[PDB]
Ligand SMILES: Nc1ncnc2c1ncn2[C@@H]1O[C@H](COP(=O)(O)OP(=O)(O)O)[C@@H](O)[C@H]1O
Ligand SMILES: Nc1ncnc2c1ncn2[C@@H]1O[C@H](COP(=O)(O)OP(=O)(O)O)[C@@H](O)[C@H]1O
Ligand SMILES: Nc1ncnc2c1ncn2[C@@H]1O[C@H](COP(=O)(O)OP(=O)(O)O)[C@@H](O)[C@H]1O
Ligand SMILES: [Mg+2]
Ligand SMILES: [Mg+2]
Ligand SMILES: [Mg+2]
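Residue numbers (the authors' numbering), protein chains in the order written: chain D, 4 to 373, 376 to 377; chain A, 4 to 373, 376 to 377; chain E, 4 to 373, 376 to 377.
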């Protein structure tokens with residue numbers, strides 16, 4: 004088919020569309036909800052479960068459950084239902100007349116890819132498919148060849164150093180600190196002021212609060228000293244019922260745990276330290292082009308002032324002679340999808356799909372020896 | 004053809020050009036590298052190998068390999084690739100419409116010259132060719148007729164005593180100490196300060212450090228005593244990644260192993276003793292002109308103060324009545340190519356080529372009987 | 004004193020004892036852990052740090068840090084604490100009334116030895132001391148005089164060719180691939196099955212499973228083909244919490260990085276190839292005894308079937324006429340300590356110590372001129 008489906012499936016969001024476009028047409032949260040109450044009324048549609056915005060609208064009754072956890076798929080029936088919703092009820096295109104493109108984080112269990120390709124070749128009967136790393140697709144979107152990518156989505160944060168068309172597999176780091184931990188920490192620290200949120204429906208509200216009211220502080224101690232005279236930092240948010248919530252230092256305390264994982268109990272290095280270490284694991288004469296090309300991807304990298312603090316933190320480690328620049332495109336959120344769409348439409352790539360006949364003979368193990 | 008090709012082919016560098024000029028136009032390292040990594044990106048030219056500066060600029064990915072070792076050519080396909088790069092992509096001239104001149108170190112395996120002739124007559128279809136010793140060409144460059152030449156390049160160091168128009172083949176010495184062992188010894192003793200270099204790419208960095216930061220000391224014990232108060236000898240170098248490396252007595256410890264091969268494990272004599280022994284092997288009535296005419300050639304002899312120490316070392320052995328003079332032209336590096344260009348353009352030499360029809364009947368054995 | 008301490012200090016383990024014995028009485032891991040948590044309870048022992056087994060038993064709380072990295076001591080205070088624990092709280096012997104013997108890998112920074120002497124002479128006030136290479140001590144333990152020793156410990160692997168009482172310093176090779184890289188690679192490849200270990204307390208568990216469940220395969224591709232029908236290779240291990248972990252081809256995949264360093268990205272040759280190159284670096288008339296005397300030392304050389312593969316690989320390189328034998332004593336781990344104890348008790352060696360009055364005049368620089 005001339006147009007191929009590219010369906011990026013992250014840990015928190017589902018973004019799908021067609022190859023060759025610029026922005027996806029189908030974007031929605033990747034949750035599945037089920038009723039947990041009596042259901043006295045008769046004659047109303049007794050749907051077993053709701054997926055996507057249909058569940059986000061009635062979360063008040065349901066019990067939302069994310070099928071993807073830290074990139075790992077736990078419940079596969081929910082994943083099949085979500086894929087069905089993307090293919091039929093959201094994109095209105097049959098899957099057996101188009102090839103599909105998939106994304107999956109590096110350093111992941113091998114059974115995940117085999118089960119993904121088995122599902123897509125059995126329950127959907129697609130003609131071809133291909134799985135690609137998020138970081139290489141994000142680099143494809145930026146129209147570059149050398150540099151490192153810090154992809155920070157909802158479940159995993161990882162780095163992939165890429166030189167002029169070549170990848171270094173030994174320098175690929177991966178830490179399991181992501182947006183879900185940020186939301187959990189915000190929920191935990193919001194009880195100091197008195198506001199308590201427990202259920203998944205309230206977890207969605209806390210995530211919404213984090214999305215549009217939190218910023219990264221360039222300096223932490225100075226900002227804390229400024230917030231000590233709590234006059235110019237407190238904002239307000241509106242609850243669905245009508246109550247007003249005010250927060251102070253939690254605007255910058257919550258996003259700082261990326262740079263200081265010790266706050267949430269993890270013993271590890273911050274994102275700046277991880278990317279510096281990933282730089283240092285490469286050769287010596289290719290470190291300059293990595294320093295000069297720092298690409299920010301993912302949805303968690305949209306906090307205001309993140310780049311201005313990352314530059315200072317990395318400069319504090321790198322030698323003074325080198326110059327440091329981080330790339331902050333205005334379209335961080337859909338960079339992986341844009342790169343996948345660009346790769347799918349390329350005329351060179353169309354000979355590296357996985358045809359149905361090849362899987363019929365090589366079996367599900369074809370992904371490991373044909376995709377990476 | 005009025006203008007003949009002269010492509011001097013040393014063990015470390017390739018310098019090619021046109022007969023009749025003063026300096027070669029094509030000079031570049033003689034290395035061939037190959038990728039060793041994944042190659043995940045598509046659409047970028049997947050070249051199998053890179054030759055010359057194209058590989059020197061990307062050494063960070065490849066694994067560089069010198070095809071010529073101690074003057075002995077081990078891999079012939081790499082040599083064919085090197086010659087192809089010299090002729091087509093760097094000199095922009097056809098090889099089948101020009102005659103070529105080649106150089107090789109004396110006391111060499113007989114297979115090398117016949118293989119070179121066969122390759123040049125089969126894969127390139129040259130009309131004529133000729134092979135000559137480096138030392139005699141270096142003598143030609145200086146415009147002299149009597150004297151000895153110490154050629155010290157990258158793989159071999161040798162001597163050729165020459166009286167008026169005649170050569171003494173029994174007095175030709177050859178020791179296998181050259182620049183490569185110098186870089187290896189510098190790498191070995193550079194670990195004392197903590198800096199460790201292992202791979203080939205770092206070997207090039209160490210070679211660059213040696214080329215512009217090492218000098219020959221007139222006295223060794225006095226210089227070591229001076230460096231004991233390590234204040235006035237330390238310098239600094241800038242690594243590609245930005246780190247600063249400082250070295251002390253390693254500036255003069257490394258170049259001395261030419262005068263003292265016992266440091267690097269070999270139980271032989273130094274270059275001064277080698278040239279003195281080569282002088283003494285000739286007749287008695289021709290020694291004075293040899294003492295008065297000492298010609299220094301090659302790239303290894305570019306260390307500052309080498310002539311001042313060689314003069315003292317040779318004088319300490321020779322009888323006090325005789326006078327010692329060593330010539331150190333500002334253009335040691337390209338003396339062999341200059342002499343080759345001078346000889347090629349000479350009208351007398353135009354009868355000592357090797358015609359293609361001569362090779363068609365004599366076979367590859369014509370070189371041994373028509376070149377030396 | 005009649006009895007002298009021989010306190011061997013490797014990069015992963017500390018083994019100390021008394022001269023004249025057969026096995027050391029003091030063996031413990033060389034780690035220093037510090038608390039990282041609140042410490043709400045009052046009245047309990049608030050020790051700043053724990054050393055040795057006292058920290059190995061409470062790793063669940065602490066953050067262990069190795070003071071020695073690749074033979075180089077980075078943090079000197081931790082080394083002082085470890086030596087204090089070794090002398091007082093584990094051996095119960097005052098250090099000022101006994102002489103001590105130390106070991107250190109070759110081709111090491113010069114500051115290391117002099118700082119070690121300075122520590123031992125200022126902050127312990129020992130009467131005399133001496134440092135020695137591990138390989139020569141391992142040869143001493145075996146009761147031989149000619150042969151090469153491949154010492155493979157935790158941080159460094161090195162070779163020392165030894166003829167009849169003489170050492171060839173130009174043939175000493177050293178690669179930085181050792182057990183720590185083995186553990187890191189095992190951690191990296193253990194995540195394919197789903198199990199992920201990140202913390203140092205989990206690094207200890209990974210080292211433990213590596214120690215007693217991994218073996219070296221004689222043939223790699225045949226073993227992979229056998230493991231394809233994964234029935235007869237899988238084993239089971241018990242993590243402390245209670246779960247079960249089972250692995251397949253990881254039993255032999257990780258050991259093999261000694262022979263194929265390209266798996267971990269390093270551009271070097273295998274240990275067999277480094278040993279062969281070190282053999283070929285010597286003279287021609289001494290290679291026979293080196294071939295006929297191969298001594299294995301270190302703790303990394305205890306993988307089952309290592310000798311059966313090393314002998315095959317070495318025979319595949321050496322000429323067929325020569326016979327190859329490899330010594331695999333049942334006491335590889337403590338061979339260095341045994342050799343040190345043997346040498347310390349020797350009567351001839353008694354005149355080669357470093358007296359305190361000599362250090363008071365010559366200074367810390369006496370080690371370089373009186376030890377090697
Ligand atoms: N404007 C924003 N400000 C702060 N955080 C955001 C914003 N938009 C999204 N996020 C965070 O990004 C996460 C979603 O990342 P996502 O784009 O789904 O990555 P992926 O598609 O790779 O899973 C959410 O958990 C949310 O907390
Ligand atoms: N300026 C310099 N100072 C010191 N050594 C040099 C310098 N330039 C070149 N060399 C040494 O000379 C070697 C190259 O010699 P080269 O001119 O290629 O001889 P040939 O052409 O006969 O091979 C290099 O290995 C390098 O170590
Ligand atoms: N039984 C065993 N099997 C496999 N590996 C082992 C075994 N015992 C120890 N090791 C390895 O040896 C290393 C320790 O070496 P060690 O004896 O400390 O050398 P050194 O004392 O010279 O530092 C550890 O990293 C461990 O992985
Ligand atoms: Mg993403
Ligand atoms: Mg030369
Ligand atoms: Mg050891």
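We put the CB at the ideal spot given by N, CA and C, even for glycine.
- Message: ligand 1 and residue 210 (chain D): does any heavy atom of the ligand fall closer than 7 Å to the residue's C-beta?
- Response: yes
- Task: Output the boundary residues of the beta strand (DSSP E) element that contains residue 240 (chain D).
- Result: 238 to 241
- Query: In three-state terms, what does DSSP make of residue 110 (chain A)?
  - Reply: coil
- Item | Cutoff 8 Å: residue 201 (chain E) Cβ touching any chain D Cβ | yes
- When you check each C-beta in the stretch 267 to 300 of chain D against every C-beta of chain E, which residues fall closer than 8 Å? 270 and 271
- alpha helix (DSSP H) segment containing residue 257 (chain A), residue limits: 253 to 259
- Message: Less than 7 Å between C-beta atoms, sequence neighbours within five positions excluded: which residues of the same chain meet that for residue 148 (chain E)?
- Response: 167 and 168
- Which stretch, first to last residue, makes up the alpha helix (DSSP H) that contains residue 265 (chain A)? First-last for residue 265 (chain A): undefined, no H or E at that position.
- Message: At a threshold of 7 Å, does residue 14 (chain E) count as lining ligand 3 (C-beta to nearest heavy atom)?
- Response: yes
- Mind pulling the chain D residues with CB within less than 9 Å of residue 245 (chain A)? 290, 291, 294, 321, 322, 323, 324 and 325
- Query: For residue 260 (chain E), which residues in chain D fall below 7 Å Cβ to Cβ?
  - Reply: None at all; the shortest Cβ gap to chain D is about 12 Å.
- Item | Residues near residue 83 (chain D) by beta carbon distance below 8 Å, same chain, minus five either side | 122 and 126
- Exposure label - residue 136 (chain E); buried when at least 16 CB within 10 Å: buried
- Message: Strictly below 8 Å CB to CB, what residues from chain E border residue 173 (chain D)?
- Response: 267 and 268
- Check the Cβ of residue 194 (chain A) against every Cβ in chain E and list those closer than 9 Å, keeping chain order. 110, 111, 112 and 177
- Task: Indicate, with yes or no, if ligand 2 has a heavy atom lying under 7 Å from the CB of residue 313 (chain A).
- Result: no
- Give me the Cβ distance between residue 210 (chain E) and residue 186 (chain E), rounded to the nearest whole Å; I'm assuming they're in contact under 8 Å. 5 Å
- Message: Any beta carbon from chain D within less than 8 Å of residue 39 (chain E)'s own beta carbon?
- Response: yes
- Message: Do residue 316 (chain D) and residue 262 (chain D) count as a contact pair if the criterion is CB distance below 8 Å?
- Response: yes
- Do you know how far the Cα of residue 139 (chain A) is from the Cα of residue 332 (chain A)? 16 Å
- residue 138 (chain D) in three-state terms, based on DSSP: helix
- Task: State buried or exposed for residue 372 (chain A), treating a residue as buried only when at least 16 other CB atoms are found within 10 Å of its CB.
- Result: exposed
- Message: Quick check: is the beta carbon of residue 2 (chain A) nearer than 8 Å to any beta carbon in chain E?
- Response: In the structure as shown, chain A starts at 4 and stops at 377, and residue 2 (chain A) therefore has no counterpart that could be examined.
- May I ask which residues mark the beginning and end of the beta strand (DSSP E) holding residue 248 (chain A)? 247 to 250
- Task: Could you check what DSSP says for residue 143 (chain E) in three-state terms: helix, strand or coil?
- Result: helix
- Output the distance between the C-alpha atoms of residue 267 (chain E) and residue 281 (chain D), rounded to the nearest integer angstrom. 15 Å
- Task: Give the single residue among A:156, A:65 and A:88 whose Cα lies nearest to the Cα of residue 179 (chain A).
- Result: A:156
- Message: Check whether chain D comes within 8 Å of residue 197 (chain E), counting only Cβ atoms and requiring the distance to be less than that.
- Response: yes
- Less than 8 Å separating the beta-carbons of residue 344 (chain E) and residue 30 (chain E)? no
- Message: With distance defined between alpha-carbon atoms, name the residue in A:283, A:37 and A:65 nearest to residue 171 (chain A).
- Response: A:283
- Message: If contacts are defined as beta-carbon pairs under 8 Å, then residue 338 (chain A) and residue 141 (chain A) qualify, I think. What distance do you get, rounded to the angstrom?
- Response: 5 Å
- Hey, how far is the Cα of residue 350 (chain A) from the Cα of residue 329 (chain A)? 31 Å
- Item | Span of the alpha helix (DSSP H) around residue 81 (chain A) | 79 to 87
- Whose C-beta lies closer than 8 Å to the C-beta of residue 221 (chain D) among residues of the same chain, with five residues either side of it excluded? 308, 311, 312 and 315
- Return the residue from the list D:12, D:366, D:353 and D:64 that minimises the CA-CA distance to residue 203 (chain D). D:64
- Have a look at residue 24 (chain E) and residue 341 (chain E) and give me their C-alpha separation to the nearest angstrom. 8 Å
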